[PDB]
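Undergrad: Build me a model from this:
(chains A, B, C, D and E)
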Amino acid sequence: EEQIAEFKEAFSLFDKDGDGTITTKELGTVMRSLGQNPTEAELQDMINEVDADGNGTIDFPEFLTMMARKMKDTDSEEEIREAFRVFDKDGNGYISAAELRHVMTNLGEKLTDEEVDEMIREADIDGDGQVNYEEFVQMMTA
Amino acid sequence: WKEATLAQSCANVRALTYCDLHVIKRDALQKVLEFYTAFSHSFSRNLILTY
Amino acid sequence: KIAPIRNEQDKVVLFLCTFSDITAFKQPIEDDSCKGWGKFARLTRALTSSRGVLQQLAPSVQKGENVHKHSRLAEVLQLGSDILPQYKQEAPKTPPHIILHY
Amino acid sequence: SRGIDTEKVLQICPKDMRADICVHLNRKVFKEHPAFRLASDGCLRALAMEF
Amino acid sequence: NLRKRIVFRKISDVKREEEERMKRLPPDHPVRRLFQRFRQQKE
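TA: Numbers count the residues shown, from 1 in each chain, chains lettered A, B, ... in the order given. Take a look at the structure below.
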């Protein structure tokens, strides 16, 4: 999900209109520059099918959903990412002992507090208290 | 850390530029690694050699 | 583009390759895709190398392919000067009319 | 070199500041190589001594 | 003794946990398997 952040440059380049959304004039300009000539109705109904609002203003979530549909990410990696995102109650990409205890209690797989601290220090390899994605994957490896 | 046995060099490596290099001895690397077993697994699985 | 490189001993030792994407300008092709327009957008977003400084003026013009190929080819044709030292490792040169002090 | 006695400066320097100096000197490889992006400070210090 | 260590909790962390609980699984089989493995290892 977060890997799509690199798409910002392509989004800015395609949004030649500068209004934060695509424009038929800019699309025609890039079309003429590249020399192809699809139908005006073809480009219009493509814009209508892509854009969630459909009123010409093609927003980011349209291309985001297109990329998500095309990705078909691996089930295991998707499960790991979802588990991290739901364990991180803040969703910022950080796992804390409080968040781990809260998610364990909510899911019913509660453990004693010493066991929670023990699980934190298992993943903790750099020794600063944080638990990250590769630490999570190393824990998942068994 | 995997082979644990010394071996002879199959080839020759020569400089063409003014170069700066950092070198590590096998024994001390192994000792630090076996002390920090936790980092050892991640180091082994992440590190890949060029040749 | 390909360019083998000679040697100071008048031998030839090395082959040099260069590559570039033209997907956004060639015909659209898709073996499997979520949608045709989505595949087109993804290919165009992959064509960023050409879409960059090498062709940033394109949206202000039309039928730019007549000059885009030459613009891309010039940066590779410049490699002939790079082929000059011919694997040799040697001291750099100094300008004439300025004489070595020693 | 001339008058620099780098080894003498090192042995004059006490152990922790020696650790900091060698960490600074190997900062290049430490930050750029991904294998070290996960290391702990103690193993970083020991490796800095070794390098 | 440097070999032993103590466990503790912060007052701020406890307050955060309490107010989070005040604000407050079948697909979780893989993480539950990890939980069972951790329980077996602690056994």
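Undergrad: tell me, what residue is most central in chain D?
TA: Centroid-nearest residue in chain D, with C-alpha atoms, centre = their mean: residue D:22, separated by 1.5 Å.
Undergrad: do the same with chain C
TA: residue C:76 (4.2 Å).
Undergrad: surely that one meets residue C:16?
TA: No. Counting by C-beta atoms under 8 Å, residue C:76 does not reach residue C:16; the two are 9.7 Å apart. Using the backbone N, CA and C atoms, a C-beta is placed for each residue, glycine as well.
Undergrad: burial count for the residue of chain D at minimum distance from chain E?
TA: For chain D, the residue closest to chain E is residue D:42, as judged by C-beta to the nearest C-beta, at 12.7 Å. Counted with other C-beta atoms under 10 Å in any protein chain shown, the neighbours of residue D:42 add up to 14.
Undergrad: swap in residue A:46?
TA: Neighbours of residue A:46 using other C-beta under 10 Å come to 20.
Undergrad: Surely it and residue C:37 touch.
TA: Yes. Applying C-beta under 8 Å as the test, residue A:46 and residue C:37 come out as touching, 4.6 Å apart.
Undergrad: Let me know the distance separating residue A:129 from chain C.
TA: 39 Å (C-beta to the nearest C-beta, to the nearest Å).
Undergrad: And for residue D:38?
TA: 31 Å.
Undergrad: Contact partners for the nearest residue to that residue once chain neighbours are set aside?
TA: Sequence neighbours aside, residue B:42 is the residue nearest to residue D:38 in space, at 5.3 Å (criterion: C-beta to C-beta, 6 or more residues apart in numbering or on different chains). With contact taken as C-beta atoms under 8 Å, 6 or more residues apart in numbering or on different chains, residue B:42 is in contact with A:125, A:134, A:138, D:38.
Undergrad: export the helix or strand hosting residue D:10 as CSV, just CAs?
TA: Assigned by DSSP states H and E, residue D:10 falls within helix D:6-12. C-alpha atoms of helix D:6-12 as CSV (Å, rounded to 0.1, in the frame of the first residue of the first chain):
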residue,chain,number,x,y,z
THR,D,6,47.2,7.7,14.7
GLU,D,7,47.8,4.6,16.8
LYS,D,8,49.2,6.7,19.6
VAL,D,9,46.1,9.0,19.5
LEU,D,10,43.9,5.9,19.7
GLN,D,11,45.7,4.3,22.7
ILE,D,12,45.7,7.7,24.4
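Undergrad: Packing partners of that helix?
TA: Packing partners of helix D:6-12 (3 or more C-beta pairs under 8 Å, 6 or more residues apart in numbering or on different chains; DSSP states H and E): none among the helices and strands.
Undergrad: Briefly note if the next helix or strand after it comes near chain A.
TA: Next along the chain after helix D:6-12, taking DSSP H and E as the criterion, comes helix D:15-25. No. Figure legend: helix D:15-25 not in contact with chain A (C-beta under 8 Å from any C-beta of the partner chain); closest approach 14.8 Å.
Undergrad: Quickly check: helix D:15-25 near chain B or not.
TA: No. Counting by C-beta under 8 Å from any C-beta, chain B is not contacted by helix D:15-25; separation bottoms out at 9.1 Å.
Undergrad: who touches that helix?
TA: So helix D:15-25 is contacted by D:10, D:13, D:30, D:44-45, D:48-49, D:51 (C-beta under 8 Å, 6+ apart).
Undergrad: Let me see the contact set for residue C:38.
TA: Counted by C-beta under 8 Å, 6+ apart, residue C:38 has contacts A:50, A:66-67, A:69-70.
Undergrad: For residue A:134, grab the count of nearby residues.
TA: Counted with other C-beta under 10 Å, residue A:134 comes out at 15.
Undergrad: How about residue A:111?
TA: There are 18 residues near residue A:111, going by other C-beta under 10 Å.
Undergrad: Please give me every residue in contact with the closest residue to it other than its chain neighbours.
TA: Nearest residue to residue A:111, sequence neighbours excluded (C-beta to C-beta, 6+ apart): residue A:104, at 6.1 Å. Residues in contact with residue A:104, defined by C-beta under 8 Å, 6+ apart, are A:110-111, A:116, E:35.
Undergrad: Tell me which residue in chain D sits closest to chain C.
TA: residue D:2 (21.5 Å).
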